[PDB]
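Take a look at this one chain, the form deposited in one PDB entry, written out in structure tokens.
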């Protein structure tokens, strides 16, 4: 057992007591909150051509005393919060796995106890790091993770639930050894850039303390890593022969500025088909996947070398240039608000729907699956249909990626949403075409549609993604040179080192999500990416302001209405019906929502004026 002191917080790490059959296991306790995390990794190579890594974080509300809420008295499905926490843990540990580790791996988090004071999600990230550190699973150095808040202008490490509710910042930092950053995930109440930057360095300092404690625990209990059957990386001489075959053709494709997404992919694919058959002849004994990956390595190396050497991008832009941005509002007459935001070849359609306040309380008690209530009655739903990439896929349910992107754009817009709006605000963002940051375009399109709908948001919100291309030492691994790219394409994210999504107002930052693919990047690079994104965000907000700069003076004429209808006591039974049958039927066939307010009063919400015309007729005849 090891105790780590983080200011006034205490972190207790232990292992060797519970779940001793798993490859790795750890208990991380803070206060009276304890989280057990286990890691399992198969020894037989996975048939998949990548590393299959799954992280599952289960709330298990028996640890809080509030699990059995439905008719089965048992959880059904996984909530939004569980999915989001699973993604944060996944982003914190995925970069540190060695390349070619194609082995099925599962990290599971079990909430032994929660005291309602210390949040278990941060403990779970540290638990995953300890469990992997103590296991025989090949995994690079320990990761420390903290949450940083700002309460009354003071930086607080791992704030309690009470403090998180008074905090203008919710930043989660995962650090690797030598003060590298592997994961950043923030939502802020439109705070200044300098304040945001200081919280990052305070957070990274704390993660080094956790890493020191985990290293002591690893040393105390001897850890011997397994030797995998093999690491699936292409042979060096095969890769360099691929370079001989396809360097010039790939270079020509990547310096052709007339390509669009599809034509560039087809041109690269044309070289791949010719090269691959030549590789098979030269190395008939090579793995078929080894042939495929060697081309991908060469294509990635050529692609990055052009950006590093010539400071020019595959579409002709320089490092700080945006794609073409086109906006337009008032798509359709019946929508409460709408907008179509285009950023390069990325097209996003955003819709705003006003709903009743009563429709925003879908939680554990009301339904088996949904849980929670949004603070401001505001939610964003994000969809990524298969045709946005000319692909075929299942359309039942939502991917974990769709949930994460929706959450990112939701908290990007959340700080500017007004308080005490009469209706529930639902924003739907649909990606019609995608070649880049559709989640950041969902934030820009979201604000346009919100202003078009007449919601008085405090300020317009724009987001952008910053890429990164580095040249590291082949032995030391230190970063010798790097380029930050503004508003990256899909190929620049695929071949890049991070996907640094940040959104905000012209005067502050509201959301950030750094998806780093390297095993950590220095804090200086993160600081510069934030500054570069600040310049890009101003340009985008200037374009958006031309389309619409202030919210419309009122909601659309065909918008929802809320007003009350008086029914007599003698007519209460007739109007309501047996067990509320009449109300539930009128509300089911007209779309309105009737809620009893007093003994005599019923508040009626109608999505359209026509809907209340239908409902008003029914209430009149029923009252007769």
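Positions refer to the first chain, counted from 1. Note that the rigid core is defined as the largest set of C-alphas that superpose within 1.5 Å between two forms.
The same protein also has a form deposited in another entry, omitted here; what follows describes it.
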After a rigid core superposition between this form and the one not shown, the exception among 565, 576, 562, 63, its Cα shifting by 2 Å or more, is 63
Could you check, with the core superposed, whether the Cα atom of residue 362 shifts 2 Å or more between this form and the one not shown? yes
Classify residue 225 as shifted (yes) or not shifted (no) between this form and the one not shown, where shifted means its C-alpha moves by 2 Å or more with the rigid core superposed. no
After fitting the core, residue 74 CA displacement of 2 Å or more between this form and the one not shown: yes
Any idea whether residue 612 and residue 363 get closer or farther by CA distance in that other deposited form, knowing it moves 3 angstroms or more? closer
Relative to the form shown here, do the C-alpha atoms of residue 374 and residue 369 sit closer together or farther apart in that other deposited form, given a change of 3 Å or more? closer
